[PDB]
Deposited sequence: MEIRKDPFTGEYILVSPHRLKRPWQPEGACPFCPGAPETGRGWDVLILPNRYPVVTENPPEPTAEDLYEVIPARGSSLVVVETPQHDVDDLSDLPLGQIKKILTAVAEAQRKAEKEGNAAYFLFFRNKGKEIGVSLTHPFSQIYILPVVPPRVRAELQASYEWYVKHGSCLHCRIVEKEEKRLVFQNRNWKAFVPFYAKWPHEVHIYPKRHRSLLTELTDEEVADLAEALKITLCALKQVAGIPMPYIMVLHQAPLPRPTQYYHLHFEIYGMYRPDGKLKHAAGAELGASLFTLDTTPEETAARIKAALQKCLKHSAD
């Protein structure tokens, strides 16, 4: 068990070699207990652990200890909820608060380079467990996609003197799908996935742990309303991926701005999109619909999720 590094790309590989049908995440399961609104608990099959073994060493290759934590965020005690967006605003706020508290703990641990929060949703993208949950990896390395974003963000800031993310968030109007006092959700110009929405704080924040209580309440709303729109823009619930892009631990950055990326994986025609030869083999992406048309369609659908605006 170790973290191997691709010497051509710098990518990391995490090499980590109850009755049937029972839910491991329901209240009363062996590791969950009872009387909780949100539970963060150790992953049964952890990609990273507090006490990783000596890594497998080969002469031409870099290997590092799989030192870290792999956590499951059990989002609600209720098993029969299709999506995060079906939970009340107050419950989503408790989920975000618990994830932030976990990150504050990680920000004390010298071994943690990165706090990666992500969510996979839908049987069609490999999620077999039906209980609402998300994942945290506390890692000894910065995830390669976030490293690339940090390096470009830094170079821009040094070259141009301002945060590029701040400039993008200020400009977004045509592709905006939702905004509140603290958050803007928009289809980026450079969208790659069939329904892609980025959620940014209007104030420059680079760590989840910088967010005020009000910002977290407004975040819960932006997540609920954006995911609600995705659930119906195609007529049936859409599988999606959500990832939090933030600074590395433990210190705020002037040049990087945190954001949630959401990849809705149905085309406008309800056809599932699979990352294949172009995407995985070349890092080339294709769209059969403009980001501008996709923003308009998401925004129209999203009107049916609004309570007062």
| property | result |
| --- | --- |
| Unmodelled intervals of the deposited chain, in order | 18-24, 317-318 |
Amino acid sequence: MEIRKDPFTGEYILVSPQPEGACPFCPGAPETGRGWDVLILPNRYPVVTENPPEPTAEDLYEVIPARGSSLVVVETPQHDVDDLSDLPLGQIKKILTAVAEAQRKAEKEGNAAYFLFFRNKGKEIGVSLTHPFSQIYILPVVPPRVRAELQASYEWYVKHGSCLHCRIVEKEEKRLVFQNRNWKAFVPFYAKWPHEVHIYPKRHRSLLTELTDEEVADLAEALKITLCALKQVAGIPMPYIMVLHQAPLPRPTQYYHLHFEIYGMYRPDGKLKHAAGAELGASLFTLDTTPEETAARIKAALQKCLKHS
From here on, numbers count along this sequence of modelled residues.
| item | value |
| --- | --- |
| Selected stretch [higher average CA B-factor]: 127-135 or 199-207 | 127-135 |
| Stretch with the greater mean C-alpha B-factor as recorded in the entry, comparing 45-53 against 239-247 | 45-53 |
| Out of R145, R175, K159, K121, highest CA B-factor residue | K159 |
| Most elevated Cα B-factor in the entry, residues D83, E215, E101, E149 | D83 |
| Where the record places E170 (Cα B-factor, split into thirds across the chain) | highest |
| Third of the chain, ranked by Cα B-factor, where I262 sits | lowest |
| Chain third (lowest, middle, highest) by recorded CA B-factor, residue given as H79 | highest |
| Within-chain third of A229 by Cα B-factor, per the entry | middle |
| Position of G281 among the chain's modelled residues by C-alpha B-factor, lowest, middle or highest third | lowest |
